[PDB]
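Have a look at the structure below before the remarks.
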Amino acid sequence: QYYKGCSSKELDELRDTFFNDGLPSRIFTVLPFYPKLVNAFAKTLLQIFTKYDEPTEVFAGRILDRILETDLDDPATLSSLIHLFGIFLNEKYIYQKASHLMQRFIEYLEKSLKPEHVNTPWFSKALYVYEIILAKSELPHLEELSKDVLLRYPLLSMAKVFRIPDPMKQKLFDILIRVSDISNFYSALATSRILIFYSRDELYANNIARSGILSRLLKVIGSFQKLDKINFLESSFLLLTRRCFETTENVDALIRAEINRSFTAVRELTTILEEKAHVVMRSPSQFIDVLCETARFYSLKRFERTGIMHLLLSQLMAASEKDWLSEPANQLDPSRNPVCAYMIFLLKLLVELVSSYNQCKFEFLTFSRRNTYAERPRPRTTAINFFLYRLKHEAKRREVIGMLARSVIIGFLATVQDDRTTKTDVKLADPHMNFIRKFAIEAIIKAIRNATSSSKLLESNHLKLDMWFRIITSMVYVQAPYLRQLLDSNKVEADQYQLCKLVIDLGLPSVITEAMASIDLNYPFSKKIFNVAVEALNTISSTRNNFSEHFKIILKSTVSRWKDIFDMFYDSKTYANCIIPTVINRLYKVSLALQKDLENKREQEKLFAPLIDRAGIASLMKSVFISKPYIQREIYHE
């Protein structure tokens, strides 16, 4: 039709002609112009080199040589080449034989990568490639056993991964940390992704926290609040901050509790490792130690200020000043207003951090607007007061922000779920927890007392008084919107009791009545204020009754965030067998004989006080003079 012939001989002739003269050698001069097609390019190129069986690692080395020759003044071509190299390295076949290529690329990154290139496009791509390496260089060491008897002679084997030299890793971390102001969204996302890996070590997390890179990432996320990809950066920053606040003892307790829960819920080691892969990733050494301490014997028997909190709180207060209620030009969606979405993200992060870690609570307590530094920071009411006072679409946004603030305060009052075990009614609260609870209760008491004094203050802040009564109701139940989701019920009763006790010990119920009686019952809002105050009193009384013996928007827990981190880089769940050898080298190597020997030895051997004061009773009976529907009276009867 068009050529000399159409038999497959002609097809092979044309294929050879194109391969010897065509795109296979012309890629470097056509690729930069079409970055969006880079992935496609890879595929096509692979196919070509798959037909002629030519080695692919050699072409990857050619790409790396072009990268090295390429100067830093041509960002487009360098970025495209680096992206193509990363795409090639992603395929496992090239990965198994690219070790020299990976080492050369790491050396080139050390030589060339500088913090001043953060805004350049290729920078981000470089980090991506580095991730492809680092993600595999951080895998647990695949050891070998030679002193144990195995029921199945062979074992699962995986291709040896490439381990970055430690000094190179440290140098790359130092280069990354010094990154100046960031203006490219993708560069910030890649930096956050890399820091997620780098923060697994406590010292690296401390360095990240002291560096202030989190402030630059926060600025980037705030600036690009209108981008559709901003959610990825939100999640990455949340995970990075959570890792930054984690400490060795906290992670150890979390993994111990998770292992105990898994045992309670004789299993097989493979299933346990696959199910709890993220736990292993968080700290393989500690997980192995805990498992060895617990289990014996593939079945196994049942046997210090940081500044992140200050940055987040200051950003929240600064954002609150700007108009976060007006809708944009051109159905309900609070996230439509960029300021509202920014503050929603800030409040979600604050809820998670304060409800998760004790140091978050401590830094929330001792916040200062001027960031005054002291050897021992002293408690301040700035954050608590800001949350209490400051915080149709406008009504929806206000309601959402109020729910988030209530969650923040309630979580601040709750106790961190560390070393979670069987619910224990210890009835003895940690001194720090009770101290912070007392501080918050006193702050709320002072706010209520001030608000109701004088008619002008009541007219001004009756809504704030209603919100405070709602809060004091919620805190006794220690439950708030998407807040109880992150509290372990094993310890929420102690919070549901100690807190209530504190309330009584602080004469809070009496304060409620005095505030209740301070209104004239002529304002239209008096009904709502009375209803909420009576609800708070009812909650306090009911909680007191439950413990009569003693008297007379998606949020996830820490382990869920660990699972998210695992899914971000190891989305297969089977990168857990790599730690089977060492476990066998620790438990099944010796306890197989020692424990079974013990079994053989055993076989051979066989062979109230007034809640309210006097005046408070009259303050309550004042409720009789308000005409209410019967549906609003049952609370009074109760």
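So the sequence shown is residues 1266 to 1530, 1540 to 1571, 1583 to 1588, 1608 to 1634, 1645 to 1705, 1716 to 1876, 2222 to 2276, 2451 to 2481, counted in the UniProt record's numbering. Using N, Cα and C, we set each Cβ at its ideal position, and we do this for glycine too.
- In the three-state reduction of the DSSP assignment, residue 1542 falls in the strand class, which pools E and B.
- By the Cβ criterion, the region 1848-1860 is not in contact with the region 1354-1365, since fewer than three pairs of Cβ atoms, one from each stretch, lie closer than 8 angstroms.
- In the structure shown, residue 1501 falls within a helical segment according to DSSP collapsed to helix, strand and coil.
- Comparing alpha carbon positions, the residue from 1346, 1731 and 1497 closest to residue 1799 is 1731.
- Across the structure, residue 1570 and residue 1745 are spaced so that their CA atoms are roughly 21 angstroms apart.
- With respect to residue 1556, residue 1520 sits close: the two C-beta atoms are nearer than 8 angstroms.
- Taking C-alpha positions only, residue 2252 is separated from residue 1323 by approximately 38 angstroms.
- In this structure, DSSP gives residue 1407 a state outside helix and strand, which the three-state scheme calls coil.
- Annotated as proximal: residue 1474 and residue 1610, with beta-carbon spacing under 8 angstroms.
- Three or more pairs of CB atoms, one per stretch, sit closer than 8 angstroms, so the region 1374-1383 contacts the region 1426-1440.
- The alpha-carbon separation between residue 1804 and residue 1701 amounts to approximately 15 angstroms.
- For residue 1386, the enclosing alpha helix (DSSP H) has its first and last residue at 1386-1402.
- In this structure, residue 1383 and residue 2231 do not form a Cβ contact; the two beta carbons are roughly 28 angstroms apart against a cut-off of 8 angstroms.
- Looking at the DSSP output, residue 1377 sits in no beta bridge, so it has no partner there.
- In this model, residue 1508 and residue 1631 are separated by some 35 angstroms (Cα to Cα).
- Here residue 2224 carries a coil assignment [DSSP, helix/strand/coil].
- Distance from the Cα of residue 1662 is smallest, within the candidate group 1673, 1726 and 1484, for 1726.
- At a cut-off of 4 residues, the continuous stretches assigned as alpha helix (DSSP H) that sit fully inside the region 1767-1837 are 1779-1801 and 1813-1829.
- Rounded to the nearest whole angstrom, the C-alpha separation of residue 1566 and residue 1497 is 37 angstroms.
- Per DSSP, residue 1660 has no beta bridge partner at all.
- Per the Cβ contact rule, the region 1305-1323 is in contact with the region 1279-1289 (3 or more Cβ pairs under 8 angstroms).
- When C-alpha distances from residue 1485 are compared across 1452, 1273 and 1504, the shortest belongs to 1452.
- The DSSP assignment places 1832-1841 as complete runs of the alpha helix (DSSP H) inside the region 1832-1868, in order along the chain (cut-off: 4 residues).
- In the DSSP assignment, residue 1463 falls within the unbroken alpha helix (DSSP H) covering 1450-1463.
- Segment contact: the region 1815-1823 against the region 1777-1787, fewer than three CB-CB distances shorter than 8 angstroms; contact not assigned.
- Secondary structure note for residue 1613: its alpha helix (DSSP H) is the uninterrupted segment 1612-1625.
- Taking C-beta atoms as the reference points, residue 1347 and residue 1391 count as a pair closer than 8 angstroms.
- For residue 1753, there is no enclosing alpha helix (DSSP H), as DSSP marks it with neither H nor E.
- Taking C-beta separations shorter than 6 angstroms and ignoring five residues to either side along the sequence, the partners of residue 1399 in its chain run 1462, following chain order.
- For residue 2480, the uninterrupted alpha helix (DSSP H) segment begins and ends at 2477-2480.
- For residue 1872, there is no enclosing alpha helix (DSSP H), as DSSP marks it with neither H nor E.
- Here residue 1346 is not bridged, per DSSP, to any residue.
- Residue state for residue 1630 is assigned as coil, using DSSP reduced to three classes.
- Residue 1584 is bridged by DSSP to 1542.
- Residue environment for residue 1294: exposed (fewer than 16 other C-beta atoms within 10 angstroms of its C-beta).
- Of 1483, 1558, 1551 and 1457, the smallest CA-CA separation from residue 1513 is found for 1558.
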